[PDB]
Amino acid sequence: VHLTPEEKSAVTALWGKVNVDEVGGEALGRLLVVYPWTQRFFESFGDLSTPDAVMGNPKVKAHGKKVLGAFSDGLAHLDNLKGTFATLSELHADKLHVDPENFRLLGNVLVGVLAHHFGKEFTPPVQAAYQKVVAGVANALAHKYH
Amino acid sequence: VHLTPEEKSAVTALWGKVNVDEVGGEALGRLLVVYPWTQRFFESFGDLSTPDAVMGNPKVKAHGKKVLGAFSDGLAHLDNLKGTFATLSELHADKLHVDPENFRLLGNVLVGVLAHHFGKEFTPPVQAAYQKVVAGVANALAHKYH
Amino acid sequence: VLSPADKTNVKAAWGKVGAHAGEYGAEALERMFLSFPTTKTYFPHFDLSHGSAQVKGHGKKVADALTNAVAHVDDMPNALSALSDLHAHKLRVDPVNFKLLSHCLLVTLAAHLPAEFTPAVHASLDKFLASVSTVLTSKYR
Amino acid sequence: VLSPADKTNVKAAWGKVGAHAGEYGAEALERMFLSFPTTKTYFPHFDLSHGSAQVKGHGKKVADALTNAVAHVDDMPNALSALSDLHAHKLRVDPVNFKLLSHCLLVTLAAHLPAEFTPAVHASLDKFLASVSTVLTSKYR
Ligand code: HEM
Ligand code: HEM
Ligand code: HEM
Ligand code: HEM
C-alpha cells in the first residue's frame, strides 16, 4: 500500500500499544456477533449462540490471536503485502474456502475495536491510515482466489 | 489488466463488431433508466422524463458516444489502463465530481447491452473477460481520487 | 418497492422465459462462477464443470424459486419464507453474492430475450432481483 | 427488523450521546471524508478543512435526523419521508455511501462510548444504521 510518512508513523506507533491477544480475540468475537453468517466457518468452535457465549469462548480467543499475529507480521511488510500473504491466500482459497468478503468485514470490525480501545487518540487521520492498511491486507489475502 | 492472450483476443474480436455510437447511446441511456440517481450530472441535457425520452435524447446519445469512444480507445492499452486514463481520472475527480461508483454501474450496464446485442455469441467465458476489462477501466478511472 | 408497472414487466418477461427457466438458471450460475470466482467458495462440494448434473439441478431449483416469486410478487416475504430461513441459518451466504448472481441472471435474460429486454423491462428486473435478494437476506440478523 | 432488544440497545446508547449528537455527527463526517475520499464528490461546495463550520453544521443536521429516527424507531419511513424524497430526487447520493457514513458513525460512537459500546450494542447500532440507510434509499427508483 501507499502510506505517507505521516500515515506510516501513525500506524506503527499505535500498533506498538496493541496487545495482539486481547485485540485479536475482541475483533474475531465482534465479527461473529455483528455479522452472524461468518459463524459458518467456526462450527467446531462451540456454542456461539449469544454474545456472552462468543466473547468468552476460548476457541474464539485463540483463533483471534493467530489471525492478528499474522496481521501484525504484515505491518512489517507494508511494501509487499502480496508476497507476504501469498501462502495464506492460497490456504484460504483452496483449503478453507473463505469468501474474501469476510476479510473486508474483519478489517471494518478491527477499525471499530481500535476506536473502542483507544478513544480520542484514534483520530480521523489515524483511522484513515488504518483503513488503507486493512483494505491492503484484505486485497493481499484475496489475491490467490481463482 | 491481467488478461491471458485468449481473453484479449475474445474481447478485441467482439469489439470489432460494435457500432460504438449505437452502443454508447444505449449503455448511457440504460444507465440513466436503471439507476436514475446517475441523472444528477445531466440536468443540462434536457428531458429525461420517461425511458423513451432518455433513450431518445440527443445529448445522452452524444455523451454516450464520447464515453464509449474513450473506452474503445483504452482497449488498445489493456496493458496500461492506469496510464491511459490518468488524465480523465483527474478530470472526473477534480472538476466533474463523479463518484467512481458510477463507473462500476456503467460497466455492468455495458455488459448487459453487449449481451442483448450479441445473444449467444456473448458466452460465459466472453463475459468473464469483459468483466475483467470493465473492472479494470473503473479502477483506472478511480485512481486519481484523493 | 415494486411499482404495479414493475409487477407487469416482470410477469411479462418471466412468462417469456417459460420452460427454459431451468436452463437459464444453470447458465446464470455458470456465468457467475467464471466471472466472479470467489462465488465458488460456496460450492466446494460441487462438480463445477460445464453441464454438470449438480449445476443443472441447482439452476432448476433457483429458477423455480424465482418462478414462485413472480407468482407471488405481492407476497414475497411469505412465499420465500422457507428459503429466507435456509439462507439465514444454514447456508449463510454473504449478502454481497446476491448482487453478483442477480447481475448474471440479468445478463442471461439479456442474451436470451432480444425482443423483450427493453430499457423499462431491464429496470423492473433489476429491482425485482434486488427485492428477491432483500427477502432472502432479511433474516440474517 | 429491529428486535425489542435492539430498540432497547439503540435508545440506551443514543440517550447516552445526548447533546453531543452534533459534535459526533461532524466527527463522523470528517472520518468519512478522510477514510473514503470518493465521498467528497458530493460536497464540492464545502470547505472540507478540519474545523469547518460547514461540516459542523452539516454534522448537526445529520445527527438531529438520527435523533428523530431513534424517537420514531417503530415508524421510521414516515418520520424520514422528507429526507427520503430529498436524497432520492435531489441529492442523488449513490446507495454505496450510506454504508460508509454508517461505518464512520459506528467508529465515532466506539471512540466516545467506552462502557456502552458492548458487542451486543455494536450489533444493534449496525442494524439500526442499515435500517436508516434502507429507508433513506427506498424511493430511489
Ligand atoms: C483478514 C485477516 C486474516 C488473517 C491474517 C488470517 C490468518 C489465518 C491464520 C494464520 C490461520 C492459521 C492457519 C494455518 O494453520 O496455517 C488461519 C486460519 C483460519 N482462518 Fe484465517 N485469517 C484472516 C481472516 C479470516 C476470516 C475473516 C475468516 C472467516 C470469517 C477466517 C477463517 C479461517 C479459518 C476457518 C481458519 C482455520 C481454523 C481452524 O483450523 O479451524 N480467517 N487464518
Ligand atoms: C467508462 C467510463 C467513462 C469514460 C471513459 C468517460 C470518459 C469521459 C470523457 C472522455 C469525457 C470528456 C473529457 C474532455 O472533455 O476532455 C467525459 C466527460 C464527462 N463525464 Fe465521463 N466517462 C466515463 C464515465 C462517466 C460516468 C459514469 C459519468 C456519470 C454519470 C460521467 C460523467 C461525465 C460528465 C458529466 C462529463 C462532462 C460532460 C461535458 O461537460 O459535456 N462519465 N467523460
Ligand atoms: C436470487 C438469489 C437466490 C435464490 C432464489 C436461491 C435459491 C436457492 C434454492 C431454491 C436452493 C435449494 C433449497 C433446497 O434444496 O431446499 C438454494 C440453495 C443454495 N444456495 Fe441459494 N439462491 C440464491 C442465491 C444464492 C447465492 C448468491 C449463493 C452463493 C454464491 C447461493 C448458494 C446456495 C447454496 C450453496 C445452496 C446449496 C446447494 C446444495 O447444496 O444443493 N444461493 N438456493
Ligand atoms: C445516516 C445517513 C444520512 C442522514 C440521516 C442524512 C441526513 C441529511 C440531512 C438532515 C440533510 C439536510 C436536509 C435539510 O437541509 O433539511 C442532508 C443533506 C445532504 N446529505 Fe444526507 N444524510 C445521510 C447520508 C448522506 C450521505 C451518505 C451522503 C453522501 C456522502 C449525503 C450527502 C448529503 C448532501 C450532499 C446533503 C446537502 C448538503 C448541503 O448542501 O447542505 N447524505 N442529509
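Counting convention: from 1, in listed order, for ligands and their atoms alike. Both backbone and side-chain heavy atoms feed into the values below; hydrogens, waters and symmetry mates do not. A note on names: the letters A, B, ... follow the listed sequences, proteins ahead of strands, and every chain is numbered from 1.
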> Do the ring planes of A:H63 and A:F42 sit parallel (below 30°), tilted (30 to 60°) or perpendicular (above 60°)?
Replying inline: tilted

> Quick one: does D:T39 get an N or O within less than 3.5 Å of an N or O on ligand 4?
Replying inline: no

> Counting each atom of ligand 3 from 1 as listed, which ones have a heavy atom of C:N97 under 4.0 Å away?
Replying inline: 27 (C), 30 (C)

> Under 3.5 Å, is there a donor-acceptor pair between the side chain of B:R40 and the main chain of D:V93?
Replying inline: no

> Is there side-chain contact between D:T39 and D:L29, with at least one heavy-atom pair below 4.5 Å?
Replying inline: no

> Ignoring hydrogens and geometry, is there a side-chain-to-backbone donor-acceptor pair from C:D94 to A:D99 under 3.5 Å?
Replying inline: no

>> Per the ring-ring contact (aromatic ring centres under 6.0 Å, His included) rule, what does the pair list look like for residues 22-44 of chain D, sequence neighbours excluded?
In response: D:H20-D:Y24, D:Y24-D:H112, D:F33-D:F43, D:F43-D:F46, D:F43-D:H58

>> For A:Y130, give me all partners under ring-ring contact (aromatic ring centres under 6.0 Å, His included), at least two apart in sequence or on another chain.
In response: none

>> So, regarding C:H45 and ligand 3 (criterion: nitrogen or oxygen to nitrogen or oxygen, under 3.5 Å), is there a contact or not?
In response: yes

> Within the side chain of C:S52, is there an N or O that forms a donor-acceptor pair under 3.5 Å with the backbone of C:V55?
Replying inline: yes

> What are the atoms of ligand 4, with element, lying closer than 4.0 Å to any heavy atom of D:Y42?
Replying inline: 35 (C)

> What's the count of protein N, O or S atoms under 2.8 Å from atom 21 (Fe) of ligand 4?
Replying inline: 1

> For the side chain of D:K56 and the backbone of D:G51, is there at least one donor-acceptor N/O pair under 3.5 Å apart?
Replying inline: yes

> Should C:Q54 be listed as contacting ligand 3, given a heavy-atom distance under 4.0 Å as the test?
Replying inline: no

>> Return the CG to CG distance between C:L80 and C:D75, rounded to the nearest 0.5 Å.
In response: 9.5 Å

> Do D:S81 and D:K139 have side-chain N/O donor and acceptor atoms under 3.5 Å apart?
Replying inline: yes

> Side chains of C:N68 and C:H72: donor-acceptor distance under 3.5 Å anywhere?
Replying inline: yes

> Considering all heavy atoms of both residues, which atom of C:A69 and which atom of C:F128 are nearest to each other, and what is their separation?
Replying inline: CB-CZ, 3.8 Å

Taking a 3.5 Å cut-off between nitrogen or oxygen atoms, can you list every pair linking ligand 1 to the protein, with distances?
unit_1: ligand 1; atom_1: 20 (N); unit_2: A:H63; atom_2: NE2; d: 3.4
unit_1: ligand 1; atom_1: 20 (N); unit_2: A:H92; atom_2: NE2; d: 3.2
unit_1: ligand 1; atom_1: 22 (N); unit_2: A:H92; atom_2: NE2; d: 3.2
unit_1: ligand 1; atom_1: 42 (N); unit_2: A:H92; atom_2: NE2; d: 3.4
unit_1: ligand 1; atom_1: 43 (N); unit_2: A:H92; atom_2: NE2; d: 3.1

